[PDB]
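*Asks:* Let me begin by handing over the structure; questions about it come next.
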Amino acid sequence: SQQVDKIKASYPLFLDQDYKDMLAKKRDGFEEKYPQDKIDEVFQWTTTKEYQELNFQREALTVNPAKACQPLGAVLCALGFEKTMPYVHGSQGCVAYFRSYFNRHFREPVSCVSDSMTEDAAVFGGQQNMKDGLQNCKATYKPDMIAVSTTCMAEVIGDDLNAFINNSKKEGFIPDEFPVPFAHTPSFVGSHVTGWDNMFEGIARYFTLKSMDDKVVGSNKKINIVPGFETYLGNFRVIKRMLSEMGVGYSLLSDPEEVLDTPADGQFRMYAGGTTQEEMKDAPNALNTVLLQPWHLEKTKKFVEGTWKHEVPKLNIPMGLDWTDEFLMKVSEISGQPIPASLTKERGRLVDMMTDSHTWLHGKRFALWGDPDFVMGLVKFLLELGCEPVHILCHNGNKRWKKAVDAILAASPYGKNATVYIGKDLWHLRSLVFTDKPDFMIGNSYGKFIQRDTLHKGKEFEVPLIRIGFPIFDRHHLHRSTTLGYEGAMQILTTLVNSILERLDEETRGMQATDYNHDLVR
Amino acid sequence: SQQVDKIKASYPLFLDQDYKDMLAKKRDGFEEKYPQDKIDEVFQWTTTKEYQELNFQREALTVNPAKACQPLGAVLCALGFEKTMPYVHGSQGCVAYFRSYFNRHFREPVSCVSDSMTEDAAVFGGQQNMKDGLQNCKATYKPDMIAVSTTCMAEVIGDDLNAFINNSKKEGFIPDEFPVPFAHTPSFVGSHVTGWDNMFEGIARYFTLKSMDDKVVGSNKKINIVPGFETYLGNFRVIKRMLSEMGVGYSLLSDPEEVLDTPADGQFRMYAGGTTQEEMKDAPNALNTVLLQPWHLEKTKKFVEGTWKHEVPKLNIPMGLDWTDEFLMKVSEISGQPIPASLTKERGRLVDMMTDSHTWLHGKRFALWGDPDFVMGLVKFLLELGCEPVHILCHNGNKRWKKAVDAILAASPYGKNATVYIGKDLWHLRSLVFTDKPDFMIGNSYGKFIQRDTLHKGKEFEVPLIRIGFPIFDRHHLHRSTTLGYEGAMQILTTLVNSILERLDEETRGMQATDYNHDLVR
Amino acid sequence: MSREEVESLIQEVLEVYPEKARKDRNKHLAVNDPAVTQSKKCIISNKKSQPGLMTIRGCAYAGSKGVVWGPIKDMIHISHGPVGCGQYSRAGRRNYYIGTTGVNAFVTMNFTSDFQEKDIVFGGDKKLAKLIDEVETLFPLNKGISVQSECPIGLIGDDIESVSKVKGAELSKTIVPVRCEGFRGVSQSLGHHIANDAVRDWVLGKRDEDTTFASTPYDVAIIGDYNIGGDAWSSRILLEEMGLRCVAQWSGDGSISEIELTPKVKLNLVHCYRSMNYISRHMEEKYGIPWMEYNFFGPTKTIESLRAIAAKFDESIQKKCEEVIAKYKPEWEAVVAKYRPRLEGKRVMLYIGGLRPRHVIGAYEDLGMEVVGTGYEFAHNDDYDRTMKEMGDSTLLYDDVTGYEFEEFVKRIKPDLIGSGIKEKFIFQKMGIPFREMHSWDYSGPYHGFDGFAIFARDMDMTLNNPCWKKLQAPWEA
Ligand code: ICS
Ligand code: CLF
Ligand code: CLF
Ligand SMILES: [Fe+3]
Ligand SMILES: [Fe+3]
């Protein structure tokens, strides 16, 4: 039954006695489920170290991974460019999933097209699919550019993107001067960040490889900024703000900030501001190119060094105090601009918040996961805060990245209990947080289930989740936050210290039991 | 006992068995405590309607007020001026308390002095204290201006600030040209915001009243901005940013943003950027003066309209969508500068966030409290969001403000279940949230105890607290948040939606019990 | 409003397409004409989507793993292939269930083989067998395993049927291979068909020789209800209040046991005809179980369906049905009395998948609103024949609408509300038009039954009458 004055959604409508009785009758009558004693025993078994050893002996089964396929990152990189349509050569279900994922993370329209390849395309190869798709896309949506990525289905059958695009141009399906950069993005190699790398390398090679003769390094007195796979608009904004404050002329290649943050004013804009083709063409004339996330921009680094002849600095991601300082120092060295007093004041204020919150931050234990550069920067910042990153997980990491993170942890006394895991999924991390309980775990929304599991063991075993990373689905407008620079460091520090304080407040809210520590001042 | 590897602070140290037994023995042997059944009965009685009527029949007892005394606001106003020392003429305990309060809220050094009037000064007056204190303060801390407030002790005995300062100058204790503005701030009148009003009126009258002959309205092509009692640095920052983006010449009088956000770089700056004496002297030449918080700037408005001949606009606090629109439109009308495209885009992005989060925000019930202008703007924004501000409380409000808020509520369909309370403290609000339970309550840190009380009645009766207002003591670096403008509206929206989602996630974390609604996507 | 106006709008929006695209898209846009039940009314469906047009359809894997097989609780569904498809589909659908996740329930979890380059080059059958071994090791209480193929599996020629048979014989476990490669078919509908065929071939006949289960003259099985936000539970409480015994529930809060118990049921109540009609027809042919469609959207459709269902049994069931309708009348009467004035006379456009574009019209018209446009992504001509009676005269019908087509239709019709999925939600919210998610119920729900109708009315009023829609235009602009 329902009351019109107080309408109940699924929670807590299905907690009513009639619904409870109906569900109990269904369970005891037809579900044939195991007795609650067996379920409880097996759950307790899953929280032990024997189950942890069995879990970590896995070699063929992946349970709750933390990564995606390459064309997702390829689509994001394509969106980073001005009036550019992402075009995935392959099956339409992949594009539907990409759009749904990005829509749920960003709560913004995401534009992407497919050529809808089918059984016949799997037999004959999707050449007519590409011709008709390019014609239809340019006619219907009128993009200045079409950036072509691949679906694993087109990668298995070995479709030739270059020949297909060339034949589409020869047969008048698209004009010859129309920019159609392409990239092979196999879903069985790497992850989404690899797809971002491949798509950016393809676009840069399209716009620069044949025009390399008349380019002089440092002619336009600019610095090329390549951000990589970034899902925080605040990171683009903070990089641009810091570089404009320094008086440095910059070119942010693949800037999707405007298209992913269009205003609501009764009008829908398919295309917003992005990296124009003029900037892409004039990029080899820059003084140097800085890769914000160098651990998934290897192919881009190779291309930029070999072809543009840019001496790409060995820079870490500008996350936290030390690495933001190193980034700013390198930018000042490259561009010749001194660091202004505004950035110095911002750094001083970040240090002020660090000293203010060090008492509550010190000694805390964190299990974190995410992308390689983001995870490394978070580990560095936690080490700067006196925190212990006990469990470090990166599904899409490699051996060299693990070596770099191990060297970072060794240089600090707070990484003594740390352990980096690569190639591990979130079920492994569930086992880890059950057997070596941390204070908090930092990651995307997929960690919430882990938290639930811990709370089921007991209130004293619950490991709360702090949502920093991609994708965040159960919270709103967290994609507008910042993780780079002193601004991002301030936001991260505030989030961590306030999560600790909420946990302490909740644990001490019991009157005449634990409320003696329910302090007003903390 | 303490494990050296895992050291336990008071929580959870005092949950040990030996401590529990010792505490139980002490309580049973020497406390003469009422039986737990009697305590439970009394508490259940306190959470009832009969107790609510008895509590609301109060006329002489105040329990847990939400307001401070005038000299606190006077000190905050004085801190916003360049190289200015707040000087409270009276007893030192008041200044110690003011400094502790502001230190705990801002986590920043707060400089204020007292002349340490004692029993002897209480009997014979504190003119010698004034002379000695002014001379000592100028010699030691070297300010460019000393702003004098009063303690209730000096206000009762009728100490003449003007005569005392004039005698100090005429006897050579301070230079005759040194600026010593003064204000009478009785603690038994109004509240801290009234003290802010009094201090600003005193400073303006000190710098402008005598030199009114050579002043022409609009000469400097500027708009004066009077921010009132503000404890969010982001509010000053956003007002300056919006005015600068619009290309409007502005003079923000009493700017404490720099002195309350000093960088930590190994050097202690007692004074940072503030409103200069030249700005205060040139203020009458401005086109007009805009009062950000018109409900506690009555004396300032009267002085500005009567002396400077400025036609102060009838604008509300620029909080939310509509009122920020009116503020920007009025600034454009006064200054002749068109509203730029950046502010239009920011408003569109705020509208987009509202549209994205309306489903979760709609229908929520909020109790809330704070200062008059802040409460008014929060109610307006909540009505814009589709929420229901059921309990509106303002200890330092008046009948005119209550009428204005009632008119605001009656203009919206979401104000039907809203009641405004003036002259009521947080015990009244505790009764209200027990009887007419809202979804959340928005206020300062003092509401945490109320939340604890609700949790004692049961987990289903708990009313969570959202910390927006002053003072915030149990969280770190929340004073850097923004409340005014589109940026503040986005911040408040994100806080409210994510609080709702956090509560929903907590309520559905029970596996096999309520986890069917533990949705990954929300 | 006018049929000629709608035809002119169709011809105007079709202008930008090339000749082939325009010719193909012409057959998929129509103006509704009741009493017409055929593919004659310029509506062709279940065809290949035009490349490069930014469609909305999914894949066969989405139709099989994410729709039919996923909501089964005590079963582990392995996305055979690269990471990707399995990750984007994890916990995307709100098919509610009761269970201890990770122990005896696995709907939220994501099991995959995580294909690498070596698995593409050398195949992935041995990897699949090892994966099944590890699944058995780490998840003892699972009651079955289903493998869902992705595109490379069908491309590289991997024999998953042999591995499934061998491992099922070895472990005495039900291992169901599903060849739901994404490139198969044109949309999710072929995924529905393949999943239904797998259910028939590997699960349904498991207890044909068994006779332990005790039958009852009032045995019904809900099929096609995936418990989106609790819809299946809300319908099941109504069915059981009538005196019936809901033995099986496909597939939202469903287990393999009740799927095996379905052949013992007297009557099969089909909610989603589009996805479960194949299994309904097979069960009617083999076990002789009659199946009937029902609609629990809105009190009018709910009452009609309850009376029709009770008509198939004796008089006691019909008397209990009348008792239930009388009991629930005051609640939905109060809901409609409260919410109809706020929603009366509002125009709605919908674009959903298999049958929701037609099943929800009764609830909308019961609140005082008119559906001025509807369409499907993957429905067949049977669904269009069924919906032509439901749609009002001279109303727009669209099949597999592209982004440009739906954008232009919304621009010209100017509806007060749009009910669709997540990929167009923010597009239409930017336009300033109220939008409601008709796939996930905007994370609200349920929408079935009388309680569902109350929630649906509240949600429609909340979204349609929100003040934010009135603030899309800056005051200093005209
Ligand atoms: S299964 Fe089908 S698209 Fe019948 S694939 Fe789709 S949870 Fe739709 S119109 Mo999403 S044939 Fe169900 C459907 Fe309808 S996922 Fe749900 S809402 S009633
Ligand atoms: S149509 Fe469907 S969702 Fe697409 S692949 Fe094919 S079964 Fe799967 Fe998969 S890993 Fe990524 S998302 Fe694809 S490119 Fe391959
Ligand atoms: S020395 Fe001590 S703290 Fe000071 S007043 Fe005197 S008893 Fe009290 Fe009170 S209300 Fe405010 S804080 Fe003062 S100005 Fe009066
Ligand atoms: Fe949005
Ligand atoms: Fe500080």
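All residue names refer to the structure tokens as shown: chains lettered A, B, ... in order, residues numbered from 1 in each chain, ligands numbered from 1 in order.
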Following superposition of chain A onto chain B on all C-alpha atoms, paired in order, what is the C-alpha RMSD to one decimal in Å?

*Replies:* 0.2 Å

*Asks:* As a PyMOL selection string, please: the residues near stretch 73-90 of chain B (cut-off 6 Å, only C-alpha atoms, same-chain neighbours under 5 positions excluded).

*Replies:* chain B and resi 112-117+143-151+154+192-193+195-196+199+254-256+271+273-276

*Asks:* Deliver the residues from the most recent selection as a file, using N, CA, C and O atoms, as a short mmCIF file (atom, residue, chain, number, x, y, z; two decimals), in the first residue's frame.

*Replies:*
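So again_7.cif came out as:
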data_model
loop_
_atom_site.label_atom_id
_atom_site.label_comp_id
_atom_site.auth_asym_id
_atom_site.auth_seq_id
_atom_site.Cartn_x
_atom_site.Cartn_y
_atom_site.Cartn_z
N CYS B 112 44.33 40.88 17.60
CA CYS B 112 43.46 41.85 18.25
C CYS B 112 44.06 42.17 19.61
O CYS B 112 44.67 41.29 20.24
N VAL B 113 43.89 43.41 20.06
CA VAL B 113 44.45 43.82 21.34
C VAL B 113 43.33 44.33 22.24
O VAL B 113 42.23 44.65 21.79
N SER B 114 43.64 44.38 23.53
CA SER B 114 42.75 44.91 24.54
C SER B 114 43.55 45.81 25.47
O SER B 114 44.77 45.65 25.62
N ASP B 115 42.87 46.77 26.09
CA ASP B 115 43.52 47.60 27.09
C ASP B 115 43.42 47.00 28.49
O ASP B 115 43.85 47.65 29.45
N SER B 116 42.85 45.80 28.62
CA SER B 116 42.88 45.03 29.86
C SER B 116 42.31 45.83 31.03
O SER B 116 42.93 45.96 32.09
N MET B 117 41.12 46.38 30.84
CA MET B 117 40.46 47.10 31.91
C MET B 117 40.05 46.13 33.02
O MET B 117 39.56 45.03 32.76
N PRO B 143 50.81 49.49 13.50
CA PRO B 143 49.76 49.53 12.48
C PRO B 143 49.66 50.91 11.84
O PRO B 143 50.14 51.91 12.37
N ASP B 144 49.03 50.93 10.67
CA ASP B 144 48.72 52.19 10.00
C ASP B 144 47.41 52.79 10.47
O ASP B 144 47.09 53.92 10.08
N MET B 145 46.65 52.06 11.28
CA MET B 145 45.35 52.50 11.76
C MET B 145 44.92 51.55 12.87
O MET B 145 45.11 50.34 12.76
N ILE B 146 44.36 52.11 13.94
CA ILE B 146 43.84 51.32 15.05
C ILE B 146 42.34 51.55 15.10
O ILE B 146 41.89 52.69 15.22
N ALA B 147 41.57 50.47 15.02
CA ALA B 147 40.12 50.55 15.04
C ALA B 147 39.60 50.07 16.38
O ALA B 147 39.84 48.92 16.76
N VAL B 148 38.89 50.94 17.09
CA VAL B 148 38.52 50.72 18.48
C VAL B 148 37.07 50.26 18.56
O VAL B 148 36.17 50.91 18.02
N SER B 149 36.85 49.13 19.23
CA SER B 149 35.54 48.61 19.60
C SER B 149 35.40 48.65 21.11
O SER B 149 36.32 49.07 21.82
N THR B 150 34.27 48.19 21.63
CA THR B 150 34.04 48.23 23.07
C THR B 150 33.56 46.88 23.58
O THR B 150 32.94 46.10 22.86
N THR B 151 33.87 46.63 24.85
CA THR B 151 33.37 45.50 25.62
C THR B 151 32.16 45.96 26.43
O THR B 151 32.01 47.15 26.73
N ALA B 154 32.77 48.30 29.33
CA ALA B 154 32.99 49.71 29.02
C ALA B 154 31.72 50.38 28.52
O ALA B 154 31.55 51.59 28.70
N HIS B 192 26.79 39.93 16.51
CA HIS B 192 28.09 40.20 15.90
C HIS B 192 27.95 40.97 14.59
O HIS B 192 28.78 41.84 14.29
N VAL B 193 26.91 40.68 13.81
CA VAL B 193 26.71 41.40 12.56
C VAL B 193 26.41 42.87 12.83
O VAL B 193 26.83 43.75 12.06
N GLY B 195 27.73 44.50 15.29
CA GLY B 195 29.05 45.05 15.56
C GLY B 195 29.82 45.34 14.28
O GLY B 195 30.52 46.35 14.19
N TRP B 196 29.71 44.46 13.29
CA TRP B 196 30.32 44.73 11.99
C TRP B 196 29.77 46.01 11.39
O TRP B 196 30.52 46.87 10.90
N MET B 199 31.15 49.06 13.35
CA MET B 199 32.56 49.33 13.07
C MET B 199 32.74 49.94 11.69
O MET B 199 33.52 50.89 11.52
N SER B 254 36.73 47.07 3.38
CA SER B 254 36.88 46.04 4.40
C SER B 254 37.03 44.65 3.77
O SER B 254 36.17 43.78 3.85
N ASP B 255 38.17 44.48 3.09
CA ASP B 255 38.56 43.21 2.48
C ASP B 255 39.52 42.47 3.41
O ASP B 255 40.71 42.83 3.47
N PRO B 256 39.08 41.45 4.14
CA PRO B 256 40.00 40.65 4.98
C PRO B 256 40.53 39.39 4.31
O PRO B 256 41.10 38.55 5.02
N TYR B 271 50.08 41.61 8.99
CA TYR B 271 49.21 42.39 8.12
C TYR B 271 49.38 41.92 6.69
O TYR B 271 50.51 41.71 6.22
N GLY B 273 47.15 42.27 2.56
CA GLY B 273 46.39 43.24 1.79
C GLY B 273 45.00 43.46 2.37
O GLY B 273 44.30 42.52 2.73
N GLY B 274 44.62 44.73 2.46
CA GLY B 274 43.28 45.09 2.89
C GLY B 274 42.81 46.36 2.20
O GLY B 274 43.43 46.80 1.23
N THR B 275 41.72 46.94 2.68
CA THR B 275 41.24 48.20 2.12
C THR B 275 42.13 49.34 2.59
O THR B 275 42.37 49.51 3.79
N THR B 276 42.64 50.12 1.64
CA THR B 276 43.56 51.19 1.97
C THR B 276 42.80 52.40 2.51
O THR B 276 41.59 52.55 2.32
#

*Asks:* Give the strand (DSSP E or B) residues of stretch 350-474 of chain A, as DSSP finds them on the backbone, and put them as JSON, numbers by chain.

*Replies:* {"A": [365, 366, 367, 368, 369, 388, 389, 390, 391, 392, 393, 394, 419, 420, 421, 422, 440, 441, 442, 443, 465, 466, 467]}

*Asks:* Within 8 Å of ligand 3 (counting only C-alpha atoms and all ligand atoms), which residues show up? I'd like them as a PDB file with N, CA and C atoms, in the first residue's frame.

*Replies:*
ATOM      1  N   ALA B  68      26.678  35.705  18.415  1.00  0.00           N
ATOM      2  CA  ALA B  68      27.743  36.188  19.281  1.00  0.00           C
ATOM      3  C   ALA B  68      27.488  37.660  19.603  1.00  0.00           C
ATOM      4  N   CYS B  69      28.447  38.292  20.268  1.00  0.00           N
ATOM      5  CA  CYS B  69      28.316  39.687  20.663  1.00  0.00           C
ATOM      6  C   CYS B  69      28.941  40.613  19.624  1.00  0.00           C
ATOM      7  N   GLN B  70      28.598  41.896  19.734  1.00  0.00           N
ATOM      8  CA  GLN B  70      29.002  42.879  18.729  1.00  0.00           C
ATOM      9  C   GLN B  70      30.510  43.008  18.529  1.00  0.00           C
ATOM     10  N   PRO B  71      31.352  43.035  19.568  1.00  0.00           N
ATOM     11  CA  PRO B  71      32.790  43.229  19.325  1.00  0.00           C
ATOM     12  C   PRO B  71      33.428  42.172  18.439  1.00  0.00           C
ATOM     13  N   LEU B  72      32.884  40.956  18.367  1.00  0.00           N
ATOM     14  CA  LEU B  72      33.424  39.969  17.434  1.00  0.00           C
ATOM     15  C   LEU B  72      33.276  40.443  15.991  1.00  0.00           C
ATOM     16  N   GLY B  90      38.252  47.461  26.830  1.00  0.00           N
ATOM     17  CA  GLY B  90      37.526  46.717  27.837  1.00  0.00           C
ATOM     18  C   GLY B  90      38.373  45.655  28.502  1.00  0.00           C
ATOM     19  N   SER B  91      37.780  44.500  28.778  1.00  0.00           N
ATOM     20  CA  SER B  91      38.459  43.441  29.508  1.00  0.00           C
ATOM     21  C   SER B  91      39.068  42.416  28.557  1.00  0.00           C
ATOM     22  N   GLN B  92      40.193  41.834  28.985  1.00  0.00           N
ATOM     23  CA  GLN B  92      41.015  41.002  28.113  1.00  0.00           C
ATOM     24  C   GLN B  92      40.386  39.649  27.802  1.00  0.00           C
ATOM     25  N   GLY B  93      39.541  39.129  28.695  1.00  0.00           N
ATOM     26  CA  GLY B  93      38.915  37.844  28.441  1.00  0.00           C
ATOM     27  C   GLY B  93      38.085  37.845  27.177  1.00  0.00           C
ATOM     28  N   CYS B  94      37.436  38.972  26.884  1.00  0.00           N
ATOM     29  CA  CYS B  94      36.671  39.098  25.652  1.00  0.00           C
ATOM     30  C   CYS B  94      37.565  38.919  24.434  1.00  0.00           C
ATOM     31  N   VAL B  95      38.725  39.577  24.429  1.00  0.00           N
ATOM     32  CA  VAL B  95      39.620  39.495  23.280  1.00  0.00           C
ATOM     33  C   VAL B  95      40.204  38.096  23.153  1.00  0.00           C
ATOM     34  N   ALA B  96      40.530  37.464  24.281  1.00  0.00           N
ATOM     35  CA  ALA B  96      40.997  36.083  24.231  1.00  0.00           C
ATOM     36  C   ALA B  96      39.951  35.179  23.597  1.00  0.00           C
ATOM     37  N   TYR B  97      38.685  35.348  23.986  1.00  0.00           N
ATOM     38  CA  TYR B  97      37.620  34.535  23.411  1.00  0.00           C
ATOM     39  C   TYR B  97      37.421  34.828  21.927  1.00  0.00           C
ATOM     40  N   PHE B  98      37.476  36.103  21.529  1.00  0.00           N
ATOM     41  CA  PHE B  98      37.325  36.445  20.115  1.00  0.00           C
ATOM     42  C   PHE B  98      38.415  35.786  19.285  1.00  0.00           C
ATOM     43  N   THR B 150      34.268  48.190  21.628  1.00  0.00           N
ATOM     44  CA  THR B 150      34.038  48.226  23.066  1.00  0.00           C
ATOM     45  C   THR B 150      33.561  46.878  23.583  1.00  0.00           C
ATOM     46  N   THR B 151      33.870  46.630  24.851  1.00  0.00           N
ATOM     47  CA  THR B 151      33.368  45.503  25.621  1.00  0.00           C
ATOM     48  C   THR B 151      32.159  45.961  26.434  1.00  0.00           C
ATOM     49  N   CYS B 152      31.273  45.013  26.762  1.00  0.00           N
ATOM     50  CA  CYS B 152      30.053  45.347  27.494  1.00  0.00           C
ATOM     51  C   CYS B 152      30.349  46.071  28.800  1.00  0.00           C
ATOM     52  N   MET B 153      31.486  45.773  29.432  1.00  0.00           N
ATOM     53  CA  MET B 153      31.855  46.466  30.659  1.00  0.00           C
ATOM     54  C   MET B 153      32.067  47.954  30.411  1.00  0.00           C
ATOM     55  N   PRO B 186      27.846  47.742  21.921  1.00  0.00           N
ATOM     56  CA  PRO B 186      27.314  47.103  23.131  1.00  0.00           C
ATOM     57  C   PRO B 186      26.926  45.656  22.866  1.00  0.00           C
ATOM     58  N   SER B 187      27.390  44.761  23.739  1.00  0.00           N
ATOM     59  CA  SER B 187      27.122  43.338  23.571  1.00  0.00           C
ATOM     60  C   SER B 187      25.681  42.976  23.888  1.00  0.00           C
ATOM     61  N   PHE B 188      24.959  43.841  24.591  1.00  0.00           N
ATOM     62  CA  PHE B 188      23.561  43.608  24.909  1.00  0.00           C
ATOM     63  C   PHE B 188      22.622  44.181  23.856  1.00  0.00           C
TER      64      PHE B 188
END

*Asks:* Could the residues of chain B within 8 Å of chain A, counting only C-alpha atoms, be given as a VMD selection string, please?

*Replies:* chain B and resid 10 to 11 15 104 107 261 to 265 345 to 353 356 to 357 445 to 446 448 452 to 453 455 to 456 473 to 477 494 497 to 498 501 508 to 511 514 517 519 to 522

*Asks:* Counting only C-alpha atoms and all ligand atoms, give me one row per residue of chain C with an atom at most 12 Å from an atom of ligand 4, showing the shortest contact pair and its distance in Å to one decimal, sorted by chain then residue number, as JSON lines.

*Replies:*
{"residue": "C:422", "atom": "CA", "partner": "ligand 4", "partner_atom_place_in_ligand_line": "1 (Fe)", "distance": 11.4}
{"residue": "C:423", "atom": "CA", "partner": "ligand 4", "partner_atom_place_in_ligand_line": "1 (Fe)", "distance": 11.8}
{"residue": "C:424", "atom": "CA", "partner": "ligand 4", "partner_atom_place_in_ligand_line": "1 (Fe)", "distance": 11.6}
{"residue": "C:425", "atom": "CA", "partner": "ligand 4", "partner_atom_place_in_ligand_line": "1 (Fe)", "distance": 9.3}
{"residue": "C:426", "atom": "CA", "partner": "ligand 4", "partner_atom_place_in_ligand_line": "1 (Fe)", "distance": 6.1}
{"residue": "C:427", "atom": "CA", "partner": "ligand 4", "partner_atom_place_in_ligand_line": "1 (Fe)", "distance": 8.9}
{"residue": "C:428", "atom": "CA", "partner": "ligand 4", "partner_atom_place_in_ligand_line": "1 (Fe)", "distance": 10.4}
{"residue": "C:429", "atom": "CA", "partner": "ligand 4", "partner_atom_place_in_ligand_line": "1 (Fe)", "distance": 7.9}
{"residue": "C:430", "atom": "CA", "partner": "ligand 4", "partner_atom_place_in_ligand_line": "1 (Fe)", "distance": 7.8}
{"residue": "C:431", "atom": "CA", "partner": "ligand 4", "partner_atom_place_in_ligand_line": "1 (Fe)", "distance": 11.5}
{"residue": "C:432", "atom": "CA", "partner": "ligand 4", "partner_atom_place_in_ligand_line": "1 (Fe)", "distance": 11.8}

*Asks:* Compile the residues of chain C that lie within 6 Å of chain B, evaluated using only C-alpha atoms, and express the compilation as a PDB file with N, CA and C atoms, in the first residue's frame.

*Replies:*
ATOM      1  N   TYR C  96      16.722  -5.418  -9.924  1.00  0.00           N
ATOM      2  CA  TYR C  96      16.858  -5.630  -8.490  1.00  0.00           C
ATOM      3  C   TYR C  96      16.783  -7.110  -8.138  1.00  0.00           C
ATOM      4  N   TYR C  97      17.455  -7.469  -7.051  1.00  0.00           N
ATOM      5  CA  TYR C  97      17.516  -8.850  -6.595  1.00  0.00           C
ATOM      6  C   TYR C  97      17.801  -8.849  -5.102  1.00  0.00           C
ATOM      7  N   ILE C  98      17.596 -10.006  -4.480  1.00  0.00           N
ATOM      8  CA  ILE C  98      17.918 -10.217  -3.074  1.00  0.00           C
ATOM      9  C   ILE C  98      18.949 -11.330  -2.988  1.00  0.00           C
ATOM     10  N   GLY C  99      20.058 -11.055  -2.316  1.00  0.00           N
ATOM     11  CA  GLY C  99      21.095 -12.052  -2.149  1.00  0.00           C
ATOM     12  C   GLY C  99      22.347 -11.421  -1.595  1.00  0.00           C
ATOM     13  N   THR C 100      23.256 -12.288  -1.159  1.00  0.00           N
ATOM     14  CA  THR C 100      24.558 -11.867  -0.656  1.00  0.00           C
ATOM     15  C   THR C 100      25.527 -11.837  -1.830  1.00  0.00           C
TER      16      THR C 100
END

*Asks:* Residues up to 9 Å from ligand 1, counting only C-alpha atoms and all ligand atoms: could you list those as a PyMOL selection string?

*Replies:* chain C and resi 57-58+62-64+66-68+93-95+188-189+191-192+224-228+271-276+351-357+359+376-379+420-421+437-441

*Asks:* As a ChimeraX atom specification, please: the residues near residue A:162 (cut-off 12 Å, only C-alpha atoms, same-chain neighbours under 2 positions excluded).

*Replies:* /A:89,127,130,148-150,158-160,164-169,180-184,202,206

*Asks:* For residue A:334, list every protein, DNA or RNA residue within 12 Å, evaluated using only C-alpha atoms, and leave out those in the same chain fewer than 3 positions away; present the list as a PyMOL selection string.

*Replies:* chain A and resi 218+221-224+248-250+286-290+310-313+327-331+337-338

*Asks:* Which residues are close to residue A:426, i.e. within 7 Å by only C-alpha atoms, leaving aside same-chain residues fewer than 6 positions away? Reply as an MDAnalysis selection string.

*Replies:* chainID A and resid 63:66

*Asks:* Pull C-alpha atoms from the residues just selected and write them as a JSON list (two decimals), in the first residue's frame.

*Replies:*
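result04.json written:
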[["chain", "number", "residue", "atom", "x", "y", "z"],
["A", 63, "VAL", "CA", 36.64, -10.40, -11.48],
["A", 64, "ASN", "CA", 35.54, -6.75, -11.36],
["A", 65, "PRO", "CA", 38.36, -5.20, -13.42],
["A", 66, "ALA", "CA", 39.39, -1.56, -13.27]]

*Asks:* Measuring atom to atom with only C-alpha atoms and all ligand atoms, identify which of C:149, C:108, C:142, C:316 is nearest to ligand 2.

*Replies:*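 Closest candidate: C:149.
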